[PDB]
Amino acid sequence: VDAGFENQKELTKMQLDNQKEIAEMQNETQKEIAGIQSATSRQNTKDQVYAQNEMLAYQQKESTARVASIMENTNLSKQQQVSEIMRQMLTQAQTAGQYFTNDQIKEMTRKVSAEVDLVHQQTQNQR
Amino acid sequence: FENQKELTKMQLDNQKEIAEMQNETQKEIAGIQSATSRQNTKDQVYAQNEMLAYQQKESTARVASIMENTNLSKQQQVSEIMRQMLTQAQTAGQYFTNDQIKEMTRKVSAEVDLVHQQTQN
Amino acid sequence: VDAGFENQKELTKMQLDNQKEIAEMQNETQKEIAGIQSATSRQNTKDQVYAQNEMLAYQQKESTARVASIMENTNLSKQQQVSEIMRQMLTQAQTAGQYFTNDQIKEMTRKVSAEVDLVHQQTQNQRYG
Amino acid sequence: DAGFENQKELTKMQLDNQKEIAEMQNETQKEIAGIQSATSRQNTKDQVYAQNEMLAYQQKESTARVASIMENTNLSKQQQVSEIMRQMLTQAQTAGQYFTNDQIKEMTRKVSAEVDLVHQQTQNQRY
Amino acid sequence: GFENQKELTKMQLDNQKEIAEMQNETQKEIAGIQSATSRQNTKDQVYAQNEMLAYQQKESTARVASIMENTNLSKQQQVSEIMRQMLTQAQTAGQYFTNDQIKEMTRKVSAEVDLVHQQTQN
Amino acid sequence: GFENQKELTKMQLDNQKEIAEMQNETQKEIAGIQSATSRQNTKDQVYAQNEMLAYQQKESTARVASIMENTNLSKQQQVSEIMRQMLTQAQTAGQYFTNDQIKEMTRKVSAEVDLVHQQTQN
Amino acid sequence: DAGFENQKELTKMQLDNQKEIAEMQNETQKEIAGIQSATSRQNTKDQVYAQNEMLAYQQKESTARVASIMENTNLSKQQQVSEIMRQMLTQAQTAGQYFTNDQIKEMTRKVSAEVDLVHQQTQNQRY
Amino acid sequence: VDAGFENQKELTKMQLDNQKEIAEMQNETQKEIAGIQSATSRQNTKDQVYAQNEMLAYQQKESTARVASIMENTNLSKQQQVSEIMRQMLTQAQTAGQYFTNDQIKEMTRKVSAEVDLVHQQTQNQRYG
Amino acid sequence: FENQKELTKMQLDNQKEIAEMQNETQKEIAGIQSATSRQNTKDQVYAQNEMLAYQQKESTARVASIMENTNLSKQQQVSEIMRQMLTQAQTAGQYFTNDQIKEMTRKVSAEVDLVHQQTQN
Amino acid sequence: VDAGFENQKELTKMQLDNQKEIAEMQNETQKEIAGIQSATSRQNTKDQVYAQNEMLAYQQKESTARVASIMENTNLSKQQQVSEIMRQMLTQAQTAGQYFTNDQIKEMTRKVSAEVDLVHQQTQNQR
């Protein structure tokens, strides 16, 4: 029952328990630090995303409103196409009319010239 | 066995004291780093956060305006329909006008002959 | 009071205090480095956000101005809707008018035609006399 | 050698202490990693939340825009036809304007002649 | 003899510290290098935004004055829409009275057709 | 005796390795955790862009067809500008001839003034 | 104790070796840091080059835009005045349209009466 | 061949090879971890650039279409310049015409005035008879 | 003194061999990291690089168009000047027309009296 | 001249030179690695900035062109303001004219009514 070696087995035990307690303290410190880091990272993220989340409800209502308006633009476009077709038909009638008006202009020109000769001869005859 | 246990105990109490103050320093430094991170983040998001409310009431105003454009568009669709009908009537009228133009041309021609023969006299 | 133990307690203390003073100087170096780092990071961020913070007030009064203009656009749009409705009624009246006018055009054509016959007649009477 | 058993035993105390220390350091590293992972996942979800929430709105607005764009295309085609009709009306009208230029000149001669007649009348009535 | 334990030990202990001192000094100089670098990078990075700030501000002020004038114009356009609504109502009533006139004038043209015909028939 | 040096040494040597083995295994598990996390973050991040891709593509295709029709319309508008240039030249010559007519018609109105006056004077 | 001098000397060999090693490791850390610094500076300059080169262009374009914006403001004021003038023209025209409505009705009575006259003429000429 | 040296050469080799095999296993762990990291980073980036690469071809034909439209806008703008020049000439002719027309307006005013006198005269002659 | 120097020499040759293969591994791992960084960067800049040329010829087209807008604007300034002059002439004409409107009103009034007295007869 | 201690001073020297050579090898390795990192970082940066630099010359010419166009818009705006003033004056003249036209419309209405009475009495008198 060796007293000197039991003494060595008290010394050694003191050293190893010192080592272990230290290792635990360092581990506790590291976990504590990671907790601080994680909480800071989370708080930074929440702070960053605040703006975009609030804006979010507003952006959704604007988009829904825009959809209704865009669909009405699509309908206006369909009506405008119908209007274009009708107006094409009016333009075709007006084109034919301008040609007939052209023929008439020439006839009216001959008439004016003849009236010129008439007024000339009246003027001679009064003179 | 007491003096040697004591040489030991001083070695270990030192070791432990170094480790405590090392850990202490590590926690301090993370404290500084956290405080700096939080503060930078705040200063960064300051502007977007300050613009929030302006952007919101501007968006709401825009919603009201867009809805009024939707209403104007519906009225315009109706107007296109009214104008479609007016245009059909005007096209038929242009065709009748075409015939009138031709009769009027014959009339003008005939008036030319009668001016002519008026001019001898 | 045995010489060995006390003299190697001396020897041991020399080492324990050298390692403690080494560790203290190390910690001091760590905290200083961290201070320099933090100050750098802060000054960086301030320098980064200067412009956006500066533009803030301008952006706000411009936004408020735009709101007033948008609301007036809304009001104008309402007035235009009323104008569209009145103009629809005018157009409807004008369409009916164009139809009545179409019939008038045909009657006038008949008239011109009859006047042509009259002019030919006058011409022929002039020739005949 | 029942004696060296003792020297071995202190040594066994030393190795076991070493490994339970190492194992606790390992479990610590693992726990830290898991904290960091949960934090990173949470940050990401908080970050992508807004864009994910706008998705459906953006898609339905895009579908509305596609329909409108296609109707604009149809209108563009009708307008091309209208431009063509109108090129022809313009052609007819240019020809008419040239015939009208000749008519303007003849009508001017007529007005001139009427001036001569009115002058003669005035002269006859004055003396 | 022991005193020379106390010389060897000192030599070891002090070499330890002088080494640690050189190492700390190195750490600090490296940090200073990195800090200076980081600060200068930031200056280089923010130069352009800072130099554009004043232009952006005065442009924003100009835009504000313009936006306010557009607001005033919109109010004037609203009043104009109102005046024009009244003109359009009056024109609609005018078109209805005109519709009746068109019908009477047609009747007149028809009767004139009969007159011209009868004048040629005799 | 020495053989038991060769037992103590082995016990130390093998404890060394079993410790190193537990440590490597820990390293690998940590890396796997980080990798999985990183990959899943990326999936979460790219979800929306990926889900919008198809809408963006078909919208782009629609826009292309529309842009091409605008190009065709622009060509038609150019031709229209040309036709209208010719009409405008003709109208300018017409305005010059009309200018002369205006002067003659004024002379006529003046003479008619003298006629009406002389008719009232007697 | 000229003997322990020897034991000291091996020890001196050991400390000096330790420090020249440490010093070379230090100079190495410094050199690495300087490489990293020059690299970071170069990257930054290469990065900001484009924006710095666009600066002057953006500024002069902004000055041009300011001048244009201010002229738009002046035009807006003139247009406000034009809207006002035109409100008044429109007012005058609305009043005119009401007087014209009464005129339209009287002219209709006249046309009607002329129809009665033409009819009577036709009747007299027919029988 | 002395027992001490050889037996502690044995003892020493046990340690040197334990530390070499420890280091080898460590390196192996390092390289594996690095492989996993690299594969993760690559797969991440691919996953990140998928969309932009997908949109590439669409963006290119849209850009080419826009180029054709812009060039046609350029051509149209040239035609509009020519139209502006012709219309300037028409406007100049119309301005001269408005001035001649102004004088005609004044002469017509004089005429109406004279006609008023004539109508009063006719009225008075009707009363007088 | 040879056997002990040899126990030593084996210890140190081991030490050195571990260090060589440790360094070797470090260089290998940096090789992997570099290759991964270069490859990611390439894949990242692929799209912007592929769009480069399209963006350039589109920009050039835009330059030509903008320059034509500048020319059209100059012509429009001239047109505004022509229209300014036409407008002044039209305003003077409107004033002369105003006087004519008033004479024509007096004339119409006088014609009213003469219609009246024509109606007894 | 102690041979055994000179022997210790050959052993020790071998150990310390081993240590030093190793430290140098590790340093050389670390510098090599930093060289690899720096070159990769530089190549990544150049690759990244390629696009924006090329674009840069094109962006500068577009901006210069835009400046010329914006300045011409400013000039057009000044002319349009002059045009607005002239048109205000025309609108004022036209407003006065519409009022005079209003008075005339009333007079014309009285005249038409009187012509109605006249045509009525002619129709009675032919009957």
Side-chain angles (χ1 to χ4, degrees), chain C residues 69 72 76 79-80 83, chain E residues 65-88 90-91, chain G residues 67-97, chain H residues 84 87-88 90-92 94-99 101-102 105-106, chain I residues 73 75-102, chain J residues 72-103:
Chain C
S69 172
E72 245 30 85
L76 180 53
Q79 294 296 352
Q80 293 165 332
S83 301
Chain E
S66 172
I67 290 169
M68 280 168 187
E69 233 45 82
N70 298 336
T71 302
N72 295 327
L73 181 53
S74 175
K75 290 173 181 173
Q76 293 296 352
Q77 292 165 332
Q78 291 168 50
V79 182
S80 302
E81 286 298 315
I82 295 171
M83 301 304 186
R84 281 192 307 256
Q85 283 154 19
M86 295 181 290
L87 174 58
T88 303
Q91 286 176 338
Chain G
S68 171
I69 290 169
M70 280 169 186
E71 283 320 317
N72 298 335
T73 301
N74 295 327
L75 180 52
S76 175
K77 290 173 181 173
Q78 293 296 351
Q79 293 165 332
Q80 291 167 225
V81 171
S82 302
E83 285 297 315
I84 295 171
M85 301 305 188
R86 259 132 49 186
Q87 283 155 20
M88 304 292 98
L89 174 57
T90 297
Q91 185 183 12
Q93 287 175 338
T94 300
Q97 185 63 52
Chain H
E84 286 297 314
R87 280 191 307 257
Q88 282 155 20
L90 173 57
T91 300
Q92 187 181 13
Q94 285 175 338
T95 303
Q98 184 64 53
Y99 285 119
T101 289
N102 295 348
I105 298 170
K106 285 181 288 187
Chain I
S73 174
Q75 293 295 351
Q76 293 165 332
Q77 291 168 230
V78 180
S79 301
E80 285 298 315
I81 298 171
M82 305 310 286
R83 280 191 307 258
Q84 283 155 20
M85 295 181 290
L86 173 57
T87 294
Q88 290 181 331
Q90 286 175 338
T91 303
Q94 184 64 53
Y95 285 119
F96 297 138
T97 292
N98 295 347
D99 297 329
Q100 184 175 293
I101 298 170
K102 286 180 288 187
Chain J
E72 284 321 317
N73 299 335
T74 301
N75 294 326
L76 181 53
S77 174
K78 290 173 181 173
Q79 293 296 352
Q80 292 165 331
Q81 291 168 50
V82 177
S83 302
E84 285 297 314
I85 292 171
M86 300 304 187
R87 259 135 50 186
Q88 282 154 19
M89 294 180 289
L90 174 57
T91 298
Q92 175 73 43
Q94 286 175 338
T95 303
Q98 184 63 53
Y99 285 121
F100 297 139
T101 294
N102 295 348
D103 300 330

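Values below: every heavy atom of this structure, side chains too, minus hydrogens, waters and symmetry copies. Chain letters run A, B, ... following the sequence lines, proteins first, then strands; residues in each count from 1.
Applying the salt bridge (charged side-chain N to carboxylate O under 4.0 Å, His left out) test to residues at least two apart or on different chains, none of the pairs has a partner in residues 71-80 of chain E.
Residues that satisfy the side-chain hydrogen bond (donor to acceptor under 3.5 Å, both in side chains) test with E/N72, not counting sequence neighbours, are E/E69. Among residues two or more places apart in sequence or in another chain, the side-chain hydrogen bond (donor to acceptor under 3.5 Å, both in side chains) test is passed with G/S82 by J/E84, J/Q88. In terms of the side-chain hydrogen bond (donor to acceptor under 3.5 Å, both in side chains) criterion, E/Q77 has no residue partners (sequence neighbours excluded).
Atoms CG and OG, from J/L76 and I/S73 in turn, are 4.5 Å apart once rounded to the nearest 0.5 Å. With rounding to the nearest 0.5 angstrom, the OG1 atom of J/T101 is 11.0 Å from the NZ atom of I/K102.
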Show which side-chain atoms of residues 89-98 of chain J pair as donor or acceptor with protein atoms under 3.5 Å away, not counting sequence neighbours.
residue	atom	partner	partner atom	Å
J/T91	OG1	J/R87	O	3.0
J/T95	OG1	J/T91	O	2.8
J/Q98	NE2	J/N102	OD1	3.0

